file query-v2.txt (compact mmCIF, C-alpha atoms)
# COMPACT_ATOMS: atom_id res chain seq x y z
CA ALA A 1 9.35 -5.53 59.23
CA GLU A 2 7.44 -8.75 59.63
CA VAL A 3 9.53 -11.87 59.32
CA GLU A 4 9.17 -15.32 57.82
CA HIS A 5 8.74 -17.87 60.55
CA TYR A 6 7.97 -21.49 61.15
CA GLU A 7 5.81 -20.83 64.12
CA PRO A 8 2.56 -19.31 62.78
CA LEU A 9 1.53 -15.69 62.81
CA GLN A 10 -1.96 -14.78 63.83
CA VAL A 11 -2.79 -12.14 61.33
CA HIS A 12 -5.96 -10.29 61.72
CA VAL A 13 -6.63 -9.31 58.20
CA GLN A 14 -9.53 -7.08 57.53
CA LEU A 15 -10.87 -7.77 54.14
CA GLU A 16 -12.87 -5.01 52.62
CA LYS A 17 -15.16 -5.54 49.72
CA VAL A 18 -15.54 -2.19 48.10
CA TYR A 19 -18.49 -1.75 45.98
CA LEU A 20 -19.35 1.03 43.61
CA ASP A 21 -22.16 2.01 45.98
CA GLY A 22 -19.87 3.17 48.64
CA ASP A 23 -20.85 0.42 50.93
CA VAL A 24 -18.15 -1.97 51.81
CA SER A 25 -18.50 -5.30 53.41
CA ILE A 26 -16.08 -5.52 56.25
CA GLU A 27 -14.75 -8.96 56.82
CA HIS A 28 -12.50 -9.97 59.66
CA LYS A 29 -10.19 -12.82 59.15
CA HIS A 30 -7.70 -14.14 61.56
CA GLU A 31 -5.35 -16.55 60.01
CA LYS A 32 -2.15 -18.10 60.98
CA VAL A 33 0.60 -17.89 58.47
CA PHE A 34 4.06 -19.24 58.73
CA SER A 35 5.52 -17.25 55.97
CA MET A 36 4.16 -13.72 55.66
CA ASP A 37 5.40 -13.83 52.10
CA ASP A 38 2.89 -16.58 51.32
CA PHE A 39 0.23 -14.46 52.97
CA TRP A 40 1.25 -11.53 50.76
CA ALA A 41 1.08 -13.79 47.76
CA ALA A 42 -2.36 -14.89 48.87
CA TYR A 43 -3.76 -11.36 48.96
CA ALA A 44 -1.42 -9.87 46.36
CA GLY A 45 -4.46 -9.00 44.23
CA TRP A 46 -6.16 -7.18 47.09
CA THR A 47 -5.17 -3.61 47.77
CA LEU A 48 -2.98 -3.40 50.85
CA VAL A 49 -4.28 -0.41 52.68
CA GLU A 50 -2.25 -0.80 55.82
CA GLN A 51 -0.37 -3.35 57.77
CA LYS A 52 0.91 -3.46 61.27
CA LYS A 53 2.49 -6.39 63.09
CA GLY A 54 -0.55 -8.45 63.95
CA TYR A 55 -3.20 -6.83 61.80
CA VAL A 56 -3.32 -6.30 58.09
CA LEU A 57 -5.91 -4.40 56.13
CA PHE A 58 -6.73 -5.42 52.55
CA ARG A 59 -9.50 -4.42 50.24
CA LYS A 60 -10.85 -6.12 47.21
CA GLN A 61 -13.26 -4.20 45.14
CA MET A 62 -15.72 -5.01 42.42
CA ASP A 63 -17.64 -3.16 39.70
CA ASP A 64 -20.87 -4.18 41.37
CA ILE A 65 -22.86 -2.06 43.78
CA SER A 66 -23.46 -5.07 46.20
CA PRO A 67 -26.50 -7.41 46.46
CA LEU A 68 -27.91 -5.13 49.15
CA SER A 69 -27.66 -2.10 46.88
CA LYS A 70 -30.15 -3.78 44.52
CA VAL A 71 -32.56 -3.88 47.47
CA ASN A 72 -31.66 -0.38 48.63
CA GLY A 73 -30.34 1.71 45.70
CA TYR A 74 -30.65 4.94 47.60
CA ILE A 75 -28.34 7.60 46.65
CA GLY A 76 -28.77 10.60 48.75
CA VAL A 77 -27.30 13.94 48.68
CA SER A 78 -27.07 16.19 51.50
CA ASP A 79 -27.72 19.93 50.88
CA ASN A 80 -23.97 20.44 50.16
CA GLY A 81 -24.34 18.10 47.21
CA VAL A 82 -22.90 15.34 49.23
CA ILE A 83 -22.86 12.27 46.94
CA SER A 84 -23.39 9.72 49.65
CA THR A 85 -25.39 6.58 49.55
CA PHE A 86 -27.80 5.96 52.31
CA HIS A 87 -29.97 3.15 53.45
CA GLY A 88 -33.40 4.42 52.70
CA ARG A 89 -34.34 8.11 52.92
CA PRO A 90 -31.23 10.30 53.22
CA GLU A 91 -32.02 12.09 56.39
CA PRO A 92 -30.06 12.78 59.66
CA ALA A 93 -31.99 9.93 61.21
CA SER A 94 -30.26 7.67 58.74
CA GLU A 95 -26.56 7.12 58.37
CA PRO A 96 -24.22 8.03 55.52
CA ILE A 97 -22.59 4.94 54.20
CA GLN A 98 -19.61 6.88 52.96
CA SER A 99 -18.97 10.22 51.48
CA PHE A 100 -17.84 10.61 47.88
CA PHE A 101 -17.86 14.21 46.80
CA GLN A 102 -19.73 17.54 47.13
CA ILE A 103 -21.39 19.62 44.42
CA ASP A 104 -23.65 22.65 44.12
CA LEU A 105 -27.24 21.72 44.02
CA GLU A 106 -28.03 25.27 43.02
CA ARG A 107 -26.00 24.53 39.94
CA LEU A 108 -27.77 21.16 39.56
CA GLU A 109 -30.74 20.80 37.43
CA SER A 110 -33.51 21.36 39.95
CA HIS A 111 -35.24 17.98 39.70
CA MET A 112 -31.95 16.14 39.80
CA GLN A 113 -31.16 17.39 43.29
CA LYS A 114 -34.73 16.86 44.47
CA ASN A 115 -34.47 13.15 43.51
CA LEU A 116 -31.28 12.93 45.44
CA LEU A 117 -32.94 14.75 48.38
CA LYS A 118 -35.47 12.02 48.98
CA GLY A 119 -33.25 9.30 47.69
CA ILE A 120 -33.40 7.25 44.58
CA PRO A 121 -35.81 4.29 45.10
CA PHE A 122 -33.58 1.88 43.16
CA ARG A 123 -30.33 1.79 41.18
CA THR A 124 -28.58 -0.78 39.09
CA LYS A 125 -24.73 -0.57 38.65
CA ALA A 126 -24.74 1.31 35.37
CA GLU A 127 -27.45 3.56 36.58
CA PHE A 128 -25.48 4.28 39.71
CA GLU A 129 -22.37 5.25 37.86
CA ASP A 130 -24.59 7.22 35.44
CA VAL A 131 -25.97 9.37 38.17
CA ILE A 132 -22.48 9.49 39.74
CA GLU A 133 -20.82 10.62 36.47
CA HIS A 134 -23.54 13.24 36.32
CA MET A 135 -22.70 14.33 39.89
CA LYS A 136 -18.95 14.58 39.23
CA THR A 137 -19.84 16.47 36.11
CA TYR A 138 -20.76 19.39 38.41
CA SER A 139 -17.95 18.73 40.91
CA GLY A 140 -18.70 21.97 42.60
call {"tool": "encode", "arguments": {"input": "query-v2.txt", "output": "structure tokens"}}
result
Amino acid sequence: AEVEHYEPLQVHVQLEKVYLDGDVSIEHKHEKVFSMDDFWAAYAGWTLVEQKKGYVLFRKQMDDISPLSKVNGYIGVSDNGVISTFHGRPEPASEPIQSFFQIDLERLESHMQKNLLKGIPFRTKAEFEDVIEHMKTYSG
């Protein structure tokens, strides 16, 4: 619907950085573009999540968990086997970064869930996806 102009277009493009963790760095860019087509070419690699006249939402994701996740690394499940990452102890006094999936902890191996209950003290990327592949392995 957007047109190609000569007079610039102030696009507020939200650039997400999606990490494996679940955390995503939200960036806000406002750029003037003359040709929206050049703008599209610019972020062609990014995943266009939505666009409206004035604001565009793109995400670019990596196979890394984020630099902050190597300081945090806390994967926390809620009692419903909620696969969410948290900053620090996964408790209601903390906030869920996202929400991936839910699984039965009763069907979990007991000490697996317990680790997830207090939160993993540290995770590297492959260790994250290891525990995550283990989580999805229940999937209920």
call {"tool": "closest_residue", "arguments": {"input": "query-v2.txt", "among": "A:10, A:61, A:85, A:139", "to": "residue A:32", "atoms": "only C-alpha atoms"}}
result
A:10
call {"tool": "residues_around", "arguments": {"input": "query-v2.txt", "residues": "residue A:117", "least_positions_apart": "6", "cutoff": "8 Å", "atoms": "only C-alpha atoms", "output": "list in words"}}
result
residues 76, 77, 78, 79 and 90 of chain A
call {"tool": "atom_distance", "arguments": {"input": "query-v2.txt", "atom1": "atom CA of residue A:9", "atom2": "atom CA of residue A:33"}}
result
5.0 Å
call {"tool": "atom_distance", "arguments": {"input": "query-v2.txt", "atom1": "atom CA of residue A:110", "atom2": "atom CA of residue A:19"}}
result
28.2 Å
call {"tool": "closest_residue", "arguments": {"input": "query-v2.txt", "among": "A:68, A:103, A:15, A:132", "to": "residue A:51", "atoms": "only C-alpha atoms"}}
result
A:15
call {"tool": "atom_distance", "arguments": {"input": "query-v2.txt", "atom1": "atom CA of residue A:13", "atom2": "atom CA of residue A:31"}}
result
7.6 Å
call {"tool": "residues_around", "arguments": {"input": "query-v2.txt", "residues": "residue A:24", "least_positions_apart": "5", "cutoff": "9 Å", "atoms": "all atoms listed in the file", "output": "list in words"}}
result
residues 16, 17, 18, 19, 61, 66 and 97 of chain A
call {"tool": "build_atoms", "arguments": {"input": "query-v2.txt", "residues": "stretch 29-52 of chain A", "atoms": "N, CA, C and O atoms", "output": "PDB file, keeping the file's coordinate frame"}}
result
ATOM      1  N   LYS A  29     -10.793 -11.544  59.195  1.00  0.00           N
ATOM      2  CA  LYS A  29     -10.190 -12.820  59.150  1.00  0.00           C
ATOM      3  C   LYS A  29      -8.999 -12.880  60.044  1.00  0.00           C
ATOM      4  O   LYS A  29      -8.224 -11.967  60.086  1.00  0.00           O
ATOM      5  N   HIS A  30      -8.879 -13.922  60.774  1.00  0.00           N
ATOM      6  CA  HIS A  30      -7.700 -14.140  61.560  1.00  0.00           C
ATOM      7  C   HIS A  30      -7.087 -15.434  61.126  1.00  0.00           C
ATOM      8  O   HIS A  30      -7.684 -16.499  61.290  1.00  0.00           O
ATOM      9  N   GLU A  31      -5.956 -15.364  60.513  1.00  0.00           N
ATOM     10  CA  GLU A  31      -5.350 -16.550  60.010  1.00  0.00           C
ATOM     11  C   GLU A  31      -3.930 -16.651  60.431  1.00  0.00           C
ATOM     12  O   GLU A  31      -3.255 -15.648  60.609  1.00  0.00           O
ATOM     13  N   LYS A  32      -3.498 -17.847  60.643  1.00  0.00           N
ATOM     14  CA  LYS A  32      -2.150 -18.100  60.980  1.00  0.00           C
ATOM     15  C   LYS A  32      -1.355 -18.396  59.743  1.00  0.00           C
ATOM     16  O   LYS A  32      -1.757 -19.213  58.905  1.00  0.00           O
ATOM     17  N   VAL A  33      -0.267 -17.703  59.598  1.00  0.00           N
ATOM     18  CA  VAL A  33       0.600 -17.890  58.470  1.00  0.00           C
ATOM     19  C   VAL A  33       1.988 -18.137  58.974  1.00  0.00           C
ATOM     20  O   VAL A  33       2.356 -17.612  60.001  1.00  0.00           O
ATOM     21  N   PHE A  34       2.722 -18.966  58.318  1.00  0.00           N
ATOM     22  CA  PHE A  34       4.060 -19.240  58.730  1.00  0.00           C
ATOM     23  C   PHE A  34       4.976 -18.254  58.036  1.00  0.00           C
ATOM     24  O   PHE A  34       5.810 -17.596  58.649  1.00  0.00           O
ATOM     25  N   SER A  35       4.777 -18.122  56.754  1.00  0.00           N
ATOM     26  CA  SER A  35       5.520 -17.250  55.970  1.00  0.00           C
ATOM     27  C   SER A  35       4.605 -16.104  55.571  1.00  0.00           C
ATOM     28  O   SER A  35       3.594 -16.324  54.877  1.00  0.00           O
ATOM     29  N   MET A  36       4.936 -14.898  56.004  1.00  0.00           N
ATOM     30  CA  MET A  36       4.160 -13.720  55.660  1.00  0.00           C
ATOM     31  C   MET A  36       4.163 -13.504  54.183  1.00  0.00           C
ATOM     32  O   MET A  36       3.196 -13.041  53.621  1.00  0.00           O
ATOM     33  N   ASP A  37       5.227 -13.930  53.557  1.00  0.00           N
ATOM     34  CA  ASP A  37       5.400 -13.830  52.100  1.00  0.00           C
ATOM     35  C   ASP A  37       4.338 -14.633  51.366  1.00  0.00           C
ATOM     36  O   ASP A  37       3.846 -14.211  50.310  1.00  0.00           O
ATOM     37  N   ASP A  38       3.921 -15.753  51.954  1.00  0.00           N
ATOM     38  CA  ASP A  38       2.890 -16.580  51.320  1.00  0.00           C
ATOM     39  C   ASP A  38       1.545 -15.906  51.521  1.00  0.00           C
ATOM     40  O   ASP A  38       0.675 -15.954  50.650  1.00  0.00           O
ATOM     41  N   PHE A  39       1.405 -15.225  52.664  1.00  0.00           N
ATOM     42  CA  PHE A  39       0.230 -14.460  52.970  1.00  0.00           C
ATOM     43  C   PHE A  39       0.097 -13.305  51.971  1.00  0.00           C
ATOM     44  O   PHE A  39      -0.982 -13.043  51.443  1.00  0.00           O
ATOM     45  N   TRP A  40       1.218 -12.633  51.704  1.00  0.00           N
ATOM     46  CA  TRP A  40       1.250 -11.530  50.760  1.00  0.00           C
ATOM     47  C   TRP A  40       0.905 -12.010  49.378  1.00  0.00           C
ATOM     48  O   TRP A  40       0.197 -11.362  48.658  1.00  0.00           O
ATOM     49  N   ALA A  41       1.370 -13.189  49.049  1.00  0.00           N
ATOM     50  CA  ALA A  41       1.080 -13.790  47.760  1.00  0.00           C
ATOM     51  C   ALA A  41      -0.399 -14.140  47.663  1.00  0.00           C
ATOM     52  O   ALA A  41      -1.008 -14.041  46.598  1.00  0.00           O
ATOM     53  N   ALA A  42      -0.966 -14.517  48.787  1.00  0.00           N
ATOM     54  CA  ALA A  42      -2.360 -14.890  48.870  1.00  0.00           C
ATOM     55  C   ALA A  42      -3.275 -13.706  48.582  1.00  0.00           C
ATOM     56  O   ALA A  42      -4.276 -13.838  47.868  1.00  0.00           O
ATOM     57  N   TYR A  43      -2.924 -12.544  49.109  1.00  0.00           N
ATOM     58  CA  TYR A  43      -3.760 -11.360  48.960  1.00  0.00           C
ATOM     59  C   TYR A  43      -3.109 -10.325  48.075  1.00  0.00           C
ATOM     60  O   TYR A  43      -3.517  -9.177  48.087  1.00  0.00           O
ATOM     61  N   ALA A  44      -2.122 -10.744  47.296  1.00  0.00           N
ATOM     62  CA  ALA A  44      -1.420  -9.870  46.360  1.00  0.00           C
ATOM     63  C   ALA A  44      -2.367  -9.064  45.457  1.00  0.00           C
ATOM     64  O   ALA A  44      -2.086  -7.915  45.131  1.00  0.00           O
ATOM     65  N   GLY A  45      -3.484  -9.669  45.076  1.00  0.00           N
ATOM     66  CA  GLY A  45      -4.460  -9.000  44.230  1.00  0.00           C
ATOM     67  C   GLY A  45      -5.217  -7.906  44.962  1.00  0.00           C
ATOM     68  O   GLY A  45      -5.572  -6.893  44.374  1.00  0.00           O
ATOM     69  N   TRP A  46      -5.482  -8.128  46.232  1.00  0.00           N
ATOM     70  CA  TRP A  46      -6.160  -7.180  47.090  1.00  0.00           C
ATOM     71  C   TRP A  46      -5.272  -5.934  47.269  1.00  0.00           C
ATOM     72  O   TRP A  46      -4.045  -6.016  47.172  1.00  0.00           O
ATOM     73  N   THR A  47      -5.878  -4.818  47.537  1.00  0.00           N
ATOM     74  CA  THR A  47      -5.170  -3.610  47.770  1.00  0.00           C
ATOM     75  C   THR A  47      -4.774  -3.547  49.247  1.00  0.00           C
ATOM     76  O   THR A  47      -5.641  -3.575  50.131  1.00  0.00           O
ATOM     77  N   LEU A  48      -3.489  -3.515  49.504  1.00  0.00           N
ATOM     78  CA  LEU A  48      -2.980  -3.400  50.850  1.00  0.00           C
ATOM     79  C   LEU A  48      -3.162  -1.965  51.284  1.00  0.00           C
ATOM     80  O   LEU A  48      -2.553  -1.059  50.719  1.00  0.00           O
ATOM     81  N   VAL A  49      -4.030  -1.743  52.224  1.00  0.00           N
ATOM     82  CA  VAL A  49      -4.280  -0.410  52.680  1.00  0.00           C
ATOM     83  C   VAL A  49      -3.348  -0.072  53.821  1.00  0.00           C
ATOM     84  O   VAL A  49      -2.739   1.000  53.845  1.00  0.00           O
ATOM     85  N   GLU A  50      -3.191  -0.992  54.739  1.00  0.00           N
ATOM     86  CA  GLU A  50      -2.250  -0.800  55.820  1.00  0.00           C
ATOM     87  C   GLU A  50      -1.909  -2.132  56.425  1.00  0.00           C
ATOM     88  O   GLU A  50      -2.646  -3.093  56.264  1.00  0.00           O
ATOM     89  N   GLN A  51      -0.779  -2.202  57.046  1.00  0.00           N
ATOM     90  CA  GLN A  51      -0.370  -3.350  57.770  1.00  0.00           C
ATOM     91  C   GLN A  51       0.473  -2.971  58.969  1.00  0.00           C
ATOM     92  O   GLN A  51       1.362  -2.112  58.893  1.00  0.00           O
ATOM     93  N   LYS A  52       0.192  -3.605  60.044  1.00  0.00           N
ATOM     94  CA  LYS A  52       0.910  -3.460  61.270  1.00  0.00           C
ATOM     95  C   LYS A  52       1.185  -4.860  61.765  1.00  0.00           C
ATOM     96  O   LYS A  52       0.523  -5.792  61.311  1.00  0.00           O
TER      97      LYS A  52
END
